[PDB]
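Protein chains in written order, with PDB author numbering: chain O, 1 to 88, 95 to 103, 105 to 148; chain 7, 2 to 65; chain T, 2 to 115; chain F, 1 to 209.
Beta carbons: idealized from backbone N, C-alpha and C, even for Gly.
Take a look at the structure set out below.
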Amino acid sequence: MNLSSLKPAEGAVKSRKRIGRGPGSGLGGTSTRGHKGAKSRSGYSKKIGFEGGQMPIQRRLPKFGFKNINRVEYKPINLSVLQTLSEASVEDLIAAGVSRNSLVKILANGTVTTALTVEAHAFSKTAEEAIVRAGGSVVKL
Amino acid sequence: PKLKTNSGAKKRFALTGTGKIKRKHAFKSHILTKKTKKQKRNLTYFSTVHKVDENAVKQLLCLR
Amino acid sequence: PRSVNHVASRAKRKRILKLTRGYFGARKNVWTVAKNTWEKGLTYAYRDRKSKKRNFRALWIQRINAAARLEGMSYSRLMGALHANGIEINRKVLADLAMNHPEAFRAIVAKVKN
Amino acid sequence: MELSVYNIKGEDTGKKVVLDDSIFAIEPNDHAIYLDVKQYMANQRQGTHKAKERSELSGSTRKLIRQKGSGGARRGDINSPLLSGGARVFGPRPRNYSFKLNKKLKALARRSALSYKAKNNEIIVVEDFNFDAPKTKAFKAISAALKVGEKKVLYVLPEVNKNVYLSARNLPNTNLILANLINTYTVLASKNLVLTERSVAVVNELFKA
RNA sequence: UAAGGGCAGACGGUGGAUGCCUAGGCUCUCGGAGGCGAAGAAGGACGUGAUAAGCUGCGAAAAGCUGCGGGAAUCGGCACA
RNA sequence: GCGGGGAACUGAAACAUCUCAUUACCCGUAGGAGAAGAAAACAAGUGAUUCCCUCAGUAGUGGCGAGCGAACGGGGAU
RNA sequence: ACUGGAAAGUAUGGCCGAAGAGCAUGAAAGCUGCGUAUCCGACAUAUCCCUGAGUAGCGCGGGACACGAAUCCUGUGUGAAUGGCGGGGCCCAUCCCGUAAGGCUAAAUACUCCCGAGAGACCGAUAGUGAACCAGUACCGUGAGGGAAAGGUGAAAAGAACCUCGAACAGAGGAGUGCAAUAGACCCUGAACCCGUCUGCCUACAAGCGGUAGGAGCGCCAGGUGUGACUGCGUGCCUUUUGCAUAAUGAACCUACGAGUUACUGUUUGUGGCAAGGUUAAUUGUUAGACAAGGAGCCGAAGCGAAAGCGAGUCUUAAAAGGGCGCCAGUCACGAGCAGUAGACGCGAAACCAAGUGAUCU
RNA sequence: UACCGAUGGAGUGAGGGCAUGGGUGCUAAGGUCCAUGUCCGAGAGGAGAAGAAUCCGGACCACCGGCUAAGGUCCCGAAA
RNA sequence: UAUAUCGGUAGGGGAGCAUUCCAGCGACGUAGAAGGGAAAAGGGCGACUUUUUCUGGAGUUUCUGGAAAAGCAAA
Ligand SMILES: [K+]
Ligand SMILES: [K+]
Ligand SMILES: [K+]
Ligand SMILES: [K+]
Ligand SMILES: [K+]
Ligand SMILES: [K+]
Ligand SMILES: [K+]
Ligand SMILES: [K+]
Ligand SMILES: [K+]
Ligand SMILES: [Mg+2]
Ligand SMILES: [Mg+2]
Ligand SMILES: [Mg+2]
Ligand SMILES: [Mg+2]
Ligand SMILES: [Mg+2]
Ligand SMILES: [Mg+2]
Ligand SMILES: [Mg+2]
Ligand SMILES: [Mg+2]
Ligand SMILES: [Mg+2]
Ligand SMILES: [Mg+2]
Ligand SMILES: [Mg+2]
Ligand SMILES: [Mg+2]
Ligand SMILES: [Mg+2]
Ligand SMILES: [Mg+2]
Ligand SMILES: [Mg+2]
Ligand SMILES: [Mg+2]
Ligand SMILES: [Mg+2]
Ligand SMILES: [Mg+2]
Ligand SMILES: [Mg+2]
Ligand SMILES: [Mg+2]
Ligand SMILES: [Mg+2]
Ligand SMILES: [Mg+2]
Ligand SMILES: [Mg+2]
Ligand SMILES: [Mg+2]
Ligand SMILES: [Mg+2]
Ligand SMILES: [Mg+2]
Ligand SMILES: [Mg+2]
Ligand SMILES: [Mg+2]
Ligand SMILES: [Mg+2]
Ligand SMILES: [Mg+2]
Ligand SMILES: [Mg+2]
Ligand SMILES: [Mg+2]
Ligand SMILES: [Mg+2]
Ligand SMILES: [Mg+2]
Ligand SMILES: [Mg+2]
Ligand SMILES: [Mg+2]
Ligand SMILES: [Mg+2]
Ligand SMILES: [Mg+2]
Ligand SMILES: [Mg+2]
Ligand code: NA
Ligand code: NA
Ligand code: NA
Ligand code: NA
Ligand code: NA
């Protein structure tokens, strides 16, 4: 193709819907709005959380809990991806190839099965036991 | 303009792992000697928003 | 850009107004009156295409009745006899023979006169 | 691919260049070309258009006729769209037509256009040339010798070359472009593509994969 | 027999739609500049031409006065002199 | 631009707190810009103002209703 | 050379090009005119020991801060310290940070009555400014104020000498000009409604939405076209309604005008690019929108718990899977649908508030 | 033959007549309130003179072909 | 290829025509453009489209894609 025979992919562009333009289109007259009432008028809008005057669910239910400000949340990294990164080293904690100046916690879902010394901010007890069983070490710093 | 969250909804609802809405049962604040112990425990437990009330709770939470 | 379809909009009306020639008074040329008249006529035409078949069948039956009474029978007796004998000539052909080929109608009647 | 090199006299020089396969021999993506061309022509737009709505007309807001009793249609103020000389409802407003396409999509569209030119055999590699003084006749002769002077042609140069640009300015079916500024619309808009050796090197280095 | 009437065609009348056209609008970009006034402003009144002035210009020196630079044959502003 | 005064209709499906809005409007007074600006500061290391992109419809605030709504930090212009 | 009233058109054959932008010219011109690319050019006149007291702080009443009673401000009443003093969201102690009650300060920012040069998948005379022209004019009002309609002969006025009818150009018929006067001043084109004349056919015994389906005769020009003796069937349309021929609503008619649009943010979906990753924003560089940079940020990548926290587990429990929730391909765009915020499909109140104009009527 | 999951878009939330079972009313109402069907609503065609829902019957378009339904066959008006 | 299906208000879904402008590719026009009158033909179907002639006297248009001031009978 050139500029003279351009063609979009099949089904990529669709024509817009145009209402209030006659009977044959199926969208004229009342123009998809029904007959009367509030919803038929220009400028009608739905009040969010309004149910006709019945007490809404967001007022019927109670508030609960609180959110801690200084919440230390770790990014989880598992043994399976540790072994995947190991199989193209034996000294992890690079982890940029991920995170971006974050705190990392090593978790035990797969298996290490290698001899690695892993440096991370946190480990689980199962993860520590797994890496030491496979013959590794932890640097919790 | 960007959509604004409803403050009451954001104080009353929470998202679960598989995209469900977590909520607290509401009949237990101040008339509790008369009620039943099993009733009170079932109101203590954390429930979920009904499917018909979903997308309304989602509109309140800005479809999040 | 600004788009006004002046020529197409006028041409639609002119095409329809060519179809309302011959109408009476304002119904031929005044456009809202003329367009109103033309659509009611179209509903009439749909109905009358159906009614034309009944009208022509009734005319054939009346002509066959007259010719059969000339021959000595009635329409109902003649048609019963033809159906019993298995003659499949329809009422249009029978009426045409009755009006224009009386000898052929007579031979047909004589076939089932038994 | 491999392309023979011609001098400015139209004769084969015996030298040959290699065009990157990852640029010039890929399967073209027609949808990508469509999107890139559309984005180019949308970015060229200057959406300076406006009409006056009801709040921007000059008439006063006084009720023209009293609400009841006059025997005609009820009327508000003179800026109504129902009245002759009234407001324009839902007319044009000033707009920005630019939109976003992914960088990788743009690169794919560029490579698809280049591959399409190479497959349809409109790429001519020529030797680099300079003009001591601007001269339209010399550039016309170069186009005639390369047999590109009938239809639209696009010359791709490695650097500015002010004398060459001045020479080609007045020719009507000729376009010039720098190698590093190559885009899908410009590549597709011309029948013939002419490259120099340095331009081929620059395109291969800068638009590969 | 058409007093008149109906329909069609042709040809006219009225009216000013449509098509084509326009520097008159609209939205902006870039670069400047961001005031005028008691040395009397903005905005007006009255005047001013060979011939009445509706605009324009001008101010009792009144469609204009002086000098320097540019230019080289028409000019004496516009409303079909 | 800065300053002095300052509504209501409207929204809350009534309405008074709240909103509309420190808006309309009236008045005073600068400049080519004006205002701000060099820590009795933010924070839990940065380092005067101003503007842009984020942080974020987040923290908070609220007949905890309708609504309103930051800052630290980071990336820039300078 | 051809067509033409007239070539710039078409067909040949040439030339210029740092100039093939444009406008004008009797139709559409790189080579007819003004210009354009490029280069040159100004007599002037302009521009470039001390350390801030009615303070810090405090009571009462208020205000501004995102905040509807910490920091900041103060009407009223009070009132220190001089290493000391202030803040870190109310108060205390430690710690940290700073040094009030004096002042000035460019840039990056906001705007366009005005001047110069440019542009538009903006309008094209009921549009676009109210205003293309006599426009804030005519007109209306005591006044404040409100506020129109109105463009086009022809290439060139060559704008019709003269004759005829007529009192008269009132108007026309000629002649003449002109490509054209059915371009003759209201002048390009010249539609509808509406109004006439001529020709063809029908019509003065006939009764309802005026058509529709049949069907002679007559009339025109070779199977088309006009009319329609006579026959069957038939209570317009819109809207609102359980239901309208309705004696419910609405329209004199025609031409022109007139009502789901755009922005932002979500969500779903069609189609795409990359893919365990995806994507840049503001902005910056080069040449002049394009190309390249810019990873801040956002989403995904692990959940459970109010939370500390633990983690393919976790919460509840003294403990038990006894119960809950979880383990056992995304992301960025383009097109479309829908939602919210904006006047948000259009027209329509009675009213409310602010600042002005009116006692020439009464 | 299209019943459920999940998702995108709705409209409707003034009903009416007939038959059947009832309440109310006066074993009145083209009355009113429920229930079970049905039709009109949103449904043209045929018979009943002319009638929203009574009797027959669900219209893709064309036909100057044929058979039937309800109901009819002296004339208006098809057929004894 | 067969069978089945194709009455419809509110309303949902699908596929198209015309209009103004733009890009690319083709074209037409004083030996007569657009517009206006008359006539003929065409389209699964339709929105609409071609052709002939008179008037008119200067611009118009095909296909593919793009964007909307994108269609009137009642207010
Ligand atoms: K309608
Ligand atoms: K209530
Ligand atoms: K003329
Ligand atoms: K002309
Ligand atoms: K006329
Ligand atoms: K008739
Ligand atoms: K009435
Ligand atoms: K009912
Ligand atoms: K046009
Ligand atoms: Mg519908
Ligand atoms: Mg409704
Ligand atoms: Mg309505
Ligand atoms: Mg209703
Ligand atoms: Mg309204
Ligand atoms: Mg039949
Ligand atoms: Mg007002
Ligand atoms: Mg207007
Ligand atoms: Mg529109
Ligand atoms: Mg007559
Ligand atoms: Mg006429
Ligand atoms: Mg004097
Ligand atoms: Mg209210
Ligand atoms: Mg020229
Ligand atoms: Mg106007
Ligand atoms: Mg006289
Ligand atoms: Mg004429
Ligand atoms: Mg004329
Ligand atoms: Mg009689
Ligand atoms: Mg008679
Ligand atoms: Mg009623
Ligand atoms: Mg009726
Ligand atoms: Mg009414
Ligand atoms: Mg009326
Ligand atoms: Mg009526
Ligand atoms: Mg009407
Ligand atoms: Mg009207
Ligand atoms: Mg209700
Ligand atoms: Mg009800
Ligand atoms: Mg009843
Ligand atoms: Mg209804
Ligand atoms: Mg039904
Ligand atoms: Mg039979
Ligand atoms: Mg009979
Ligand atoms: Mg059917
Ligand atoms: Mg249907
Ligand atoms: Mg002609
Ligand atoms: Mg429109
Ligand atoms: Mg119209
Ligand atoms: Na007559
Ligand atoms: Na001409
Ligand atoms: Na004369
Ligand atoms: Na009337
Ligand atoms: Na549709």
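Where DSSP assigns a beta bridge to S4 (chain F), which residues make up the other side? According to DSSP, residue pairing for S4 (chain F) in a beta bridge involves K16 (chain F).
Answer with buried or exposed for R78 (chain T), where buried requires no fewer than 16 other C-beta atoms within 10 angstroms of its C-beta. Residue burial is scored here from C-beta neighbours: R78 (chain T) has fewer than 16 other C-beta atoms within 10 angstroms and is therefore classed as exposed.
What are the residues that DSSP puts in a beta bridge with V111 (chain O)? Beta bridge pairing from DSSP links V111 (chain O) with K75 (chain O).
Chain-ordered residues of the stretch 8-41 of chain F with a beta carbon less than 7 angstroms from chain O: So the close ones are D30, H31, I33, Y34, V37.
Examine the Cβ distances between the stretch 13-27 of chain 7 and the stretch 15-23 of chain O and report whether three or more of them are shorter than 8 angstroms. With a cut-off of 8 angstroms, the stretch 15-23 of chain O and the stretch 13-27 of chain 7 do not count as touching, because too few Cβ pairs lie within range.
Per-residue burial, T37 (chain 7) [other beta carbons within 10 Å of its own, 16 or more giving buried]: It is exposed - the Cβ of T37 (chain 7) has fewer than 16 other Cβ atoms within 10 Å.
Where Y97 (chain F) falls: helix, strand or coil (DSSP): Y97 (chain F): coil per DSSP, three-state reduction.
Does the stretch 191-203 of chain F touch the stretch 123-133 of chain F, meaning 3 or more C-beta pairs lie closer than 8 angstroms? Under the three-pair Cβ rule at 8 angstroms, the stretch 123-133 of chain F counts as touching the stretch 191-203 of chain F.
So which residues on chain O does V53 (chain 7) lean against when the C-beta distance must stay under 7 angstroms? Simply none; closest approach about 10 angstroms.
Nearest chain O C-beta to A189 (chain F) closer than 9 angstroms, yes or no? Taking Cβ atoms only, chain O reaches closer than 9 angstroms to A189 (chain F), which makes this a yes.
Contact list for the stretch 24-36 of chain 7 against chain O, Cβ threshold 9 angstroms: Per Cβ criterion, the list reads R24, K25, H26, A27, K29, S30.
Who are the near neighbours of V148 (chain F) in its chain, counting only those whose CB is closer than 6 angstroms to its CB and skipping five residues on each side? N192, listed in sequence order.
Against chain F, with Cβ distances strictly below 9 angstroms, would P23 (chain O) count as a contact? Not an interface residue.
Out of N180 (chain F), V164 (chain F), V89 (chain F), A109 (chain F), point me to the one whose CA is closest to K140 (chain F)'s CA. Distances from the CA of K140 (chain F) to each of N180 (chain F), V164 (chain F), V89 (chain F), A109 (chain F) were compared; the closest alpha carbon is that of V164 (chain F).
Taking 8 angstroms as the cut-off, is the CB of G52 (chain O) close to at least one heavy atom of ligand 2? Taking the Cβ of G52 (chain O) as the reference point, every heavy atom of ligand 2 lies at 8 angstroms or farther away.
Show which residues of chain 7 have a CB atom less than 7 angstroms away from the CB atom of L61 (chain O). Within chain 7, the residues near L61 (chain O) are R13, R24, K25, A27.
To the nearest whole angstrom, what separates the beta carbons of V96 (chain O) and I113 (chain O), a pair I think is in contact under 8 angstroms? Taking the Cβ atoms as the reference, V96 (chain O) lies roughly 15 angstroms from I113 (chain O), outside the contact range of under 8 angstroms.
Flag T61 (chain F) as yes when its Cβ comes closer than 8 angstroms to any non-hydrogen atom of ligand 35, and as no otherwise. Checking the 8 angstroms criterion, the Cβ of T61 (chain F) is out of range of every heavy atom belonging to ligand 35.
Whole angstroms are fine: how far does the CA of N115 (chain T) sit from the CA of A59 (chain T)? Cα to Cα, the separation comes out at about 27 angstroms.
Neighbouring residues, chain 7, relative to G49 (chain O) (Cβ below 7 angstroms): Here the neighbours are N7, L61.
Residues that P76 (chain O) contacts on chain F, provided the C-beta gap is smaller than 9 angstroms: Correct list: empty, because the minimum Cβ distance to chain F is about 30 angstroms.
Outcome for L114 (chain F) when other beta-carbon atoms lying within 10 angstroms are tallied against a minimum of 16: Counting Cβ neighbours within 10 Å, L114 (chain F) comes out buried, since at least 16 surround it.
Please check if any C-beta of chain O sits within less than 9 angstroms of the C-beta of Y97 (chain F). Answer no: the Cβ-Cβ gap between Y97 (chain F) and chain O never drops below 9 angstroms.
When you compare only the Cα positions, how much space is there between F25 (chain T) and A35 (chain T)? It is roughly 10 angstroms from the alpha-carbon of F25 (chain T) to the alpha-carbon of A35 (chain T).
What's the C-alpha gap between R55 (chain T) and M74 (chain T)? Between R55 (chain T) and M74 (chain T), the alpha-carbon positions lie close to 24 angstroms from each other.
Please report the straight-line C-alpha distance between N102 (chain F) and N173 (chain F), rounded to a whole angstrom. Taking C-alpha positions only, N102 (chain F) is separated from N173 (chain F) by approximately 32 angstroms.
For the stretch 7-36 of chain O, which residues have a beta carbon sitting closer than 9 angstroms to at least one beta carbon of chain F? From the stretch 7-36 of chain O, only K7, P8, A9, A12 have a Cβ closer than 9 angstroms to chain F.
I want to know whether the stretch 126-137 of chain O touches the stretch 2-10 of chain 7 - three or more CB-CB distances under 8 angstroms. Cβ pair count under 8 angstroms is below three, so no.
Start and end of the alpha helix (DSSP H) containing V113 (chain T)? Element bounds for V113 (chain T): 103-113.
Measure the alpha-carbon distance for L171 (chain F) versus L178 (chain F) and round it to whole angstroms. Roughly 18 angstroms separates the two Cα atoms.
Comparing alpha-carbon positions, which option in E27 (chain F), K9 (chain F), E2 (chain F) lies nearest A145 (chain F)? Cα-wise, what sits closest to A145 (chain F) is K9 (chain F).
Specify, as a first and last residue, the run of the beta strand (DSSP E) that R110 (chain F) falls within. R110 (chain F) -> not in any beta strand (DSSP E); alpha helix (DSSP H) instead, spanning 103-120.
In three-state DSSP terms, what is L146 (chain F)? For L146 (chain F), the three-state secondary structure derived from DSSP is helix.
Going residue by residue through the stretch 41-77 of chain O, where are the continuous alpha helix (DSSP H) segments of at least 4 residues, counting only ones entirely within it? As far as the stretch 41-77 of chain O is concerned, its whole alpha helix (DSSP H) runs of at least 4 residues are 57-60.
Based on DSSP bridge pairs, tell me the residues matched to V194 (chain F). In DSSP, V194 (chain F) forms a bridge with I124 (chain F), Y155 (chain F).
For the alpha helix (DSSP H) that contains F14 (chain 7), what are its first and last residues? For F14 (chain 7), no alpha helix (DSSP H) segment is defined, and its DSSP state is neither H nor E.
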